[PDB]
Amino acid sequence: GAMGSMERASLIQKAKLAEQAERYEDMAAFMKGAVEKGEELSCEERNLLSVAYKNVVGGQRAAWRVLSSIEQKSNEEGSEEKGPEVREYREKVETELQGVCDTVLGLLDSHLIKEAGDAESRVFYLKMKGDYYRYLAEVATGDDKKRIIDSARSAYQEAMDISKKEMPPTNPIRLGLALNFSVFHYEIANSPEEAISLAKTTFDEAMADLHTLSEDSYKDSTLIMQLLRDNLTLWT
Amino acid sequence: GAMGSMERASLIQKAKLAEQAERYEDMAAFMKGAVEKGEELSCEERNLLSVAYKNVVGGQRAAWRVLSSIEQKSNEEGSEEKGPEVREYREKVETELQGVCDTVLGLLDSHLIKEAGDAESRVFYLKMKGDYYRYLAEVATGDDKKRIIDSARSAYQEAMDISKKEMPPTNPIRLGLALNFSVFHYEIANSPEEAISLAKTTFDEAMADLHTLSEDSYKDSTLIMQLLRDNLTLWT
Amino acid sequence: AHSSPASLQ
Amino acid sequence: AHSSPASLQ
Ligand SMILES: [Cl-]
Ligand SMILES: [Cl-]
Ligand SMILES: [Mg+2]
Ligand SMILES: [Mg+2]
Ligand code: NA
Ligand code: NA
Ligand code: NA
Ligand code: NA
């Protein structure tokens with residue numbers, strides 16, 4: 001790897017600089033290099049890894065959606081033929097997106113998840129695994145679509161089982177996991193009722209635990225709770 | 001070049017798709033491929049080329065400014081030593097910026113400018129040449145700084161001479177050229193009075209020619225005139 | 001729909 | 001200071 005010669009601490013320092021500069025591709029390459037040093041990641045480092053790749057794939061997902069919409073319009077009745085270019089370029093963006101998802105899933109499999117024993121790290125990584133299979137599912141169309149969806153579901157479910165046993169209902173990782181599993185149900189698995197039920201139960205159980213929290217933890221938890229509420233308002 | 005096998009028309013079509021998707025690196029690669037087909041560019045194609053590379057270098061310039069500011073703070077009295085990482089990463093971004101500028105200047109030199117005979121194309125390209133030397137000047141510090149600055153000045157001056165002889169004072173290319181030469185004077189050449197004089201004369205001569213214009217041309221011209229006014233308000 | 005922020009405390 | 005838009009008619 002091109003980062004093999006750089007110190008772990010230098011990679012982390014540069015990842016933070018890249019974040020400040022909004023250079024998320026650089027940030028992701030630095031954090032990939034840090035992961036490949038083979039040591040477990042701290043909480044802050046796990047968050048840097050996620051921020052970097054979420055922003056990279058986020059740009060690709062937004063582009064893919066624009067191109068897919070153009071492609072779908074080109075396939076309506078009355079639309080003039082324009083040749084293979086729209087499909088080709090959508091496929092180019094899609095392949096690059098898939099490559100990023102595969103890179104992240106590779107890092108989680110070699111060897112972040114197997115070395116993660118504490119609930120906060122293990123749930124974070126399993127959530128990430130569900131998320132990047134979900135992003136793969138958003139563009140999947142062929143024989144592997146069902147297996148991609150089930151890989152996302154399985155990762156989220158393992159994370160949910162751990163989070164319910166080991167974390168308080170207000171924990172931001174537990175909340176963000178439930179939020180994203182609910183989005184998976186609604187947008188990927190054609191299960192809007194499950195999505196709504198999960199969002200509601202998650203929100204209500206967090207509400208009843210807010211009284212235990214400091215001012216700062218309250219702000220962290222309520223920020224994610226508002227996203228659950230926003231989704232429920234959209235879906236109901 | 002990786003675009004050598006793709007039809008010119010397909011490259012232009014994909015450049016427009018990449019613009020819609022905000023995939024400006026892709027857009028620039030497509031337009032570079034189109035330029036390398038060896039045919040002159042139409043007005044629309046010249047604008048696609050400029051949009052693509054302006055957005056690419058724009059992200060690099062913004063990142064460079066963030067990193068340069070961090071680096072300068074690290075060199076104040078009382079600042080703790082943090083090692084070579086900030087300088088290294090600033091240099092990485094700077095080298096990538098320089099590479100993009102060199103690519104653009106290479107396209108203009110081989111062979112866009114020499115084949116451009118009409119004032120609208122020749123002025124547009126010479127303006128671009130001044131602009132990308134100006135971006136090089138923004139990061140230049142060593143023995144080549146003076147020669148980079150003079151290369152920007154020379155390109156802008158040749159463009160100005162043609163635009164004053166061949167274009168009306170309201171022409172958007174002429175206006176944008178004058179705007180950017182004024183920014184060159186203020187920000188690069190340490191000549192704020194020349195910058196202010198150029199912006200004022202340019203604005204006043206355009207104002208006196210607006211009466212000749214259609215509604216749509218009036219809107220094009222006044223949009224650039226407002227930027228001259230905005231700069232004068234900042235500088236005076 | 002909104003998904004989670006990347007950074008979670 | 002503001003510089004020119006990239007696209008110029
Ligand atoms: Cl393509
Ligand atoms: Cl670096
Ligand atoms: Mg616990
Ligand atoms: Mg004329
Ligand atoms: Na060190
Ligand atoms: Na076509
Ligand atoms: Na064709
Ligand atoms: Na250091």
Side-chain angles (χ1 to χ4, degrees), chain A residues 23-25 56-74 80-100 139, chain B residues 1-61 96-113 115-116 121 124-125 127-129 131-132 135, chain D residues 4-9:
Chain A
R23 295 269 295 193
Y24 293 109
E25 183 184 51
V56 170
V57 81
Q60 299 171 319
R61 290 164 77 203
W64 185 94
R65 286 156 176 171
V66 166
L67 298 172
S68 181
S69 177
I70 297 167
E71 189 179 11
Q72 290 303 302
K73 292 193 183 67
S74 79
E80 191 65 33
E81 174 60 31
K82 299 291 167 48
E85 291 85 0
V86 173
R87 175 186 56 75
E88 289 171 349
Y89 187 45
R90 191 266 301 156
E91 286 174 358
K92 171 182 162 58
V93 172
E94 184 173 302
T95 298
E96 296 185 2
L97 185 156
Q98 288 168 327
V100 174
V139 305
Chain B
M3 301 300 177
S5 66
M6 205 188 304
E7 289 278 14
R8 187 184 190 281
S10 298
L11 293 163
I12 299 296
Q13 183 182 354
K14 292 184 182 174
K16 293 171 182 173
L17 292 171
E19 185 181 20
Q20 293 175 260
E22 301 187 19
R23 295 269 295 193
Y24 293 109
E25 183 184 51
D26 285 352
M27 192 186 180
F30 290 141
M31 288 312 300
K32 180 177 187 283
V35 170
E36 290 174 345
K37 301 300 180 188
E39 305 289 343
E40 297 185 29
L41 302 193
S42 68
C43 180
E44 178 179 11
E45 293 161 357
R46 292 190 298 269
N47 282 323
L48 292 166
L49 175 70
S50 183
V51 165
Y53 279 106
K54 190 163 198 320
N55 277 274
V56 170
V57 81
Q60 299 171 319
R61 290 164 77 203
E96 296 185 2
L97 185 156
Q98 288 168 327
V100 174
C101 294
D102 287 350
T103 294
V104 172
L105 296 166
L107 293 171
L108 293 167
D109 196 52
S110 309
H111 300 277
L112 289 169
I113 287 169
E115 306 185 332
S121 61
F124 190 93
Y125 291 134
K127 178 187 164 294
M128 285 191 76
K129 179 174 180 175
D131 289 339
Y132 283 84
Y135 304 150
Chain D
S4 179
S7 186
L8 297 166
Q9 302 75 12

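Values below: all heavy atoms of this structure, side chains included; hydrogens, waters and symmetry mates excluded. Letters go in sequence order (proteins before strands), and every chain restarts at 1.
Between the side chain of A/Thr95 and the backbone N or O of A/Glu91, at least one donor-acceptor pair lies under 3.5 Å. At distances below 3.5 Å, at least one donor-acceptor pair connects side-chain atoms of B/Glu45 with backbone N or O atoms of B/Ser42. When atom types are taken as modelled, the side chain of B/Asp109 and the backbone of B/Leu105 share no donor-acceptor pair closer than 3.5 angstrom.
Listed here is the closest heavy atom pair of B/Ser121 and B/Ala116: OG-CB, 3.5 Å. Nearest heavy-atom pair, D/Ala6 versus B/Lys54, reported as atom, atom and distance to 0.1 Å: CB-CD, 3.6 Å. Contact detail for B/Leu41 and B/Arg8: the closest heavy-atom pair is CD2-NH2, 3.5 Å. Pairing each heavy atom of A/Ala63 with each of A/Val93, the nearest pair is CB-CG1, 4.2 Å. Nearest heavy atoms, B/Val57 versus B/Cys101: CG2-SG, 4.1 Å.
Side chain to side chain, B/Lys14 and B/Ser10 fail the donor-acceptor criterion of an N or O pair below 3.5 Å. No side-chain donor from either of B/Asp102 and B/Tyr132 sits under 3.5 Å from a side-chain acceptor of the other.
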Report task. Mind running side chain to side chain contact (heavy atoms under 4.5 Å, CB included) on A/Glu96 and B/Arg23 for me, showing each step along the way? Result -> CA-CA 12 Å; A/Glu96 296 185 2; B/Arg23 295 269 295 193; 2.8 Å; yes

Requested in this report: Would you check, one step at a time, whether the test side chain to side chain contact (heavy atoms under 4.5 Å, CB included) holds for B/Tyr24 with B/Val51?
Outcome: CA-CA 8 Å; B/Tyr24 293 109; B/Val51 165; 4.2 Å; yes

Query raised in the report: Please walk me through it: do B/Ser50 and B/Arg46 pass side chain to side chain contact (heavy atoms under 4.5 Å, CB included)?
Result: CA-CA 6 Å; B/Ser50 183; B/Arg46 292 190 298 269; over 6 Å; no

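Distance check, rounded to the nearest 0.5 Å: CG of B/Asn47 to CD of B/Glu19 gives 9.5 Å. Interatomic distance, B/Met31 CE to B/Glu36 CD, rounded to the nearest 0.5 Å: 11.5 Å. If you take CD on B/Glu39 and CD on B/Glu115, they are separated by 8.5 Å, rounding to the nearest 0.5 Å. Between A/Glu71 atom CD and A/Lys82 atom NZ the span is 13.5 Å, to the nearest 0.5 Å. Distance check, rounded to the nearest 0.5 Å: CG of A/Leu67 to CD of A/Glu88 gives 12.5 Å. In this structure, B/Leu112 CG and B/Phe124 CZ are separated by 10.5 Å, a value rounded to the nearest 0.5 Å.
Contact check for A/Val139 versus A/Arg61: no side-chain heavy atoms found under the 4.5 Å cut-off. In this structure, B/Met27 and B/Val56 have side chains that are not in contact, with every pair of non-hydrogen atoms separated by 4.5 Å or more.
Counting non-hydrogen atoms of neighbouring residues, nucleotides and ligands closer than 6.0 angstrom, the CD atom of B/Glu7 reaches no more than 12 such neighbours. Residue-environment remark: NZ (B/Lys32) stays at or below the threshold of 12 foreign heavy atoms within 6.0 Å.
Taking the six-membered ring for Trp, A/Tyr89 and B/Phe30 have ring centres closer than 6.0 Å.
Between A/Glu85 and B/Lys16 no salt bridge is recorded (no basic side-chain N to carboxylate O distance below 4.0 Å).
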